[PDB]
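> Below is the sequence, then the experimental coordinates.
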Amino acid sequence: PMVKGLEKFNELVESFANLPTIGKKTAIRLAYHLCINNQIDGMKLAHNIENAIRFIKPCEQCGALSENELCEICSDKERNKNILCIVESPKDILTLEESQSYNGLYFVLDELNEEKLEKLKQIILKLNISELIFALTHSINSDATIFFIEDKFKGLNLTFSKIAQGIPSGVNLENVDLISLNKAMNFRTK
Amino acid sequence: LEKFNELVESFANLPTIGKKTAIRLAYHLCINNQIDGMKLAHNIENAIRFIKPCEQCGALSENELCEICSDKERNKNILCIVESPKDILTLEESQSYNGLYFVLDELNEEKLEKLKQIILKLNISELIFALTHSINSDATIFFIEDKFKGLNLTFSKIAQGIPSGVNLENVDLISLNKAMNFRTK
Amino acid sequence: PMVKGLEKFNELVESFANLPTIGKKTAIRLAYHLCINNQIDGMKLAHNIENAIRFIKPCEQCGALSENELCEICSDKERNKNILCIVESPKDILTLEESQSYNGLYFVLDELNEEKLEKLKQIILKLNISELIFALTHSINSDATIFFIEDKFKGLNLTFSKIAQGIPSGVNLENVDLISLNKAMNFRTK
Amino acid sequence: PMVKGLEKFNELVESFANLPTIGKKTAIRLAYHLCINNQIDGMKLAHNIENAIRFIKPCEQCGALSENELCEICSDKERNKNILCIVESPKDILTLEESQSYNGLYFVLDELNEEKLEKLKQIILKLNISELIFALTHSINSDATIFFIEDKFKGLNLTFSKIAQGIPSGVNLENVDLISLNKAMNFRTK
Ligand SMILES: [Zn+2]
Ligand SMILES: [Zn+2]
Ligand SMILES: [Zn+2]
Ligand SMILES: [Zn+2]
């Protein structure tokens, strides 16, 4: 065990250690803090975990975090039901809404299940989606996903687009990776 | 989503955890691991309900005596004084010590009387101070040395100086000054 | 005195310290390095400093770094002599050339004095520039420049473009500013 | 090459990248800083490099950085001339001098020759040195050096000491390396 001679303490340490990006040292620090220094924070955390976990489930349509079977976005007819924006995570739906650039629909494609692809295929077929927008990070893996979705949905009159790769605000050109600089120059906008 | 933000805020309150990690952790519990998040909640509650200070030394314990104070193969003639129960976790992890510990988080008369009772009842021969190097800690050491002046006790502290395998130009000047004025044989 | 006792050595230390991003500890390290560990590297550096100060000058046409009257890019017949990319500093030309995304010409627009703008205009005319690329840091002061230049050259039948503002390679969506995100979604590619 | 087209400037950039802890990005910044703005600071840095390489020599007595035959420490009559601190690099003297902990003499023992040791013996006898301090990095190889010097100078009635090994001041135990923590428990002191 990660802590010897403390059955319930070591279980808690183990639980923190199985969280993403949490190492052994941090787990022990967190478990000690909640057991000795602020037990109210621990109880607060446990209640919030159970509170958030039984009331927040993925939207049945797109997968966004939601308190109902359909999220606020899917339950909105004053919304372009002809554009579908594919993302890797539900957090990206919050971010893309915060930008105030898009009024269409979303779909969280965090995995390529045969079953999750079929759900995507049924949204495209039932809403008459004419354009897929890939709002993926610009990365080697996102390439693989766009290629896969490009080969899979070859016959559906779909238009495929992806959010632009380029340079953010207030960044000097030398503080940008060369591959983004290349794309920003080759795909300069008028 | 107020329930999700509350979970994120509970994680950001944790020491050395920022908003970005807090958010990732919350998403991790709300999307996939519904069963594992329920077990983490249970494990928090379970550890808070069972963790208590060891009645003898003050360490983290789930019984009346901790496992170190319950181990008969322990060197019961040496006592190591620390200022936090966490320090026992750290010293145990160093694999350098097989004696007993005493958590001296305060300098009471009841705390000191407890210390004396252990020293007398176990015939302690050496008292090791493993405290942070500071003026306040020096004041604690001198106080214990005088209160227990004539018990035929040996007093030692953990070695202070330059760490192993570090070049002098990366050593803090203040620690370098100490290690030169406290040079050893 | 950062190193007491050694007059000539400490002057070398203070020189490194007087460089951008070079602190005291690094200065002593570099000075020590050149003085004891590799005096040939130090000699190489001193002559290379003198050589570059007596040979590198701003180019007559564009203002890039140059050893001659015209840089290697302006003296290159294989370049697209119909495109001109505007930058703020000659360093930006090095950066853009390393991206291997561009074969046109450059012009350093560090000031907006009318003499600098006539040169630019005469270059656009003499070379028959048909596209003017703005590779500036995306900022409010860059938009004012782009608007100012767009007005001054209103009747030269120029295509005006700007390097893409968008999401850089390998960056999560929440890690970019909302404006670049908004533009990355409004100017999508294929 | 790191900068194409301008070879004199690229040689300067490469000269800076040769410096320990200096990368291509910093090298270009430093080179351009010397070719554009501080054209006279760069000429003085070249002069200070050449001047320091011309004048720096090992102290004839101790081996420290010197500009004369004897360094300033070996020439200081207010120095405690009965104590000798052995270091393995002249940089260590700069560090220990800066600690304000010591007013004795130093000896650079970078090698274990017979001439180096005979020099050491000559200094110990000629100054009637009474204490020998070893300020070497804590390692097994350094332990072999101390034992060698302790034996060679067995019957000179010398005091042998080394700088204190242990946990550094003002660090919590959970942030101390476990191997150093193990040592400091074994070599605990009165
Ligand atoms: Zn939805
Ligand atoms: Zn105990
Ligand atoms: Zn030019
Ligand atoms: Zn000397």
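Thanks, I have the structure now. Numbers count the residues shown, from 1 in each chain, chains lettered A, B, ... in the order given. Ligands and ions are numbered 1, 2, ... in the order given.
> Now do the contacts for the residue of chain A found nearest chain D.
Evaluated by C-beta to the nearest C-beta, chain A has residue A:174 as its residue closest to chain D, separated by 6.9 Å. In this view, the C-beta of every residue, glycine as well, is placed from N, C-alpha and C. The contact partners of residue A:174, by C-beta atoms under 8 Å, 6 or more residues apart in numbering or on different chains, come to C:91, C:92, C:95, D:25, D:28.
> Remind me which helix or strand the fourth one belongs to.
Going back to what we said before, that points to residue D:25. The secondary structure element spanning residue D:25 is helix D:24-32 (assigned by DSSP states H and E).
> Does that helix reach chain C?
Yes - figure legend: helix D:24-32 in contact with chain C (C-beta under 8 Å from any C-beta of the partner chain); contacting residues D:26, D:28, D:29, D:30, D:31, D:32.
> Likewise for stretch A:110-125?
No - looking at stretch A:110-125 against chain C by C-beta under 8 Å from any C-beta, there are no contacts, and the closest approach is 13.6 Å.
> For that stretch, what is the distance to the chain centroid?
In this view, stretch A:110-125 has its centroid 16 Å away from the chain centroid, taken as C-alpha atoms, centre = their mean, to the nearest Å.
> in it, what counts as buried?
By neighbour count on 16 or more other C-beta atoms under 10 Å in any protein chain shown, the buried set for stretch A:110-125 is A:117, A:119, A:120, A:123, A:124.
> From those residues, which land in strands?
Cross-referencing the buried residues of stretch A:110-125 against strands under DSSP state E gives no overlap.
> In helices, which of those residues fall?
Within those, residues falling in helices by DSSP state H are A:117, A:119, A:120, A:123, A:124.
> Out of these, the closest to residue D:42 would be?
Of all those, residue A:120 has the smallest distance to residue D:42: 60.2 Å, by C-beta to C-beta.
> how near is whatever residue of chain A ends up closest to chain C to residue C:108?
Residue of chain A nearest chain C, by C-beta to the nearest C-beta: residue A:166 (3.1 Å). Using C-beta to C-beta, to the nearest Å, residue A:166 is found at 22 Å from residue C:108.
> tell me which residues of the lengthiest helix in chain A are tucked away?
Scanning chain A for the helix with the most residues, using DSSP H, yields helix A:39-55. If you call a residue buried by 16+ other C-beta under 10 Å, then helix A:39-55 has these buried ones: A:39, A:41-42, A:44-53.
> Tabulate these (a markdown table), appending distance to chain C.
Formatted as a markdown table, the entries for the buried residues of helix A:39-55 read as follows, by distance: C-beta to the nearest C-beta, whole Å:
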| residue | distance to chain C |
| --- | --- |
| A:39 | 33 |
| A:41 | 26 |
| A:42 | 28 |
| A:44 | 25 |
| A:45 | 23 |
| A:46 | 27 |
| A:47 | 27 |
| A:48 | 22 |
| A:49 | 23 |
| A:50 | 27 |
| A:51 | 24 |
| A:52 | 20 |
| A:53 | 23 |
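> okay, now the domains of chain A?
In the domain annotation for chain A, the residue ranges read A:7-55, A:65-186 (automatic domain parsing).
> Same list (those) but as JSON lines, adding distance to residue C:74.
Putting the domains of chain A into JSON lines (distance: least, C-beta to C-beta, whole Å) gives the following:
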{"stretch": "domain A:7-55", "distance to residue C:74": "51"}
{"stretch": "domain A:65-186", "distance to residue C:74": "19"}
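> which stretch among those domains comes nearest residue C:136?
Each of the domains of chain A was checked against residue C:136 via C-beta to C-beta, and the shortest separation belongs to domain A:65-186, namely 8.7 Å.
> hmm, the closest one touching ligand 1?
Yes - in terms of C-beta under 5 Å from the ion, part of domain A:65-186 sits within range of ligand 1, namely A:71, A:74.
> Now do the helices in chain A.
For chain A, the helices defined by DSSP H occupy A:7-17, A:24-32, A:39-55, A:91-98, A:114-126, A:140-152, A:178-186.
> returning to what we had before: give me the contacts around the longest helix of chain A.
For helix A:39-55, contacts defined as C-beta under 8 Å, 6+ apart pick out A:33-35, A:67, B:3-4, B:6-7, B:10-11, B:13-14, B:26, B:29-30, B:34, B:37-38, B:40-42, B:44-45, B:47-48.
> filter the contacts of residue A:174 down to the ones close to ligand 2.
Restricting the contacts of residue A:174 to those near ligand 2 by C-beta under 5 Å from the ion leaves nothing, as none qualifies.
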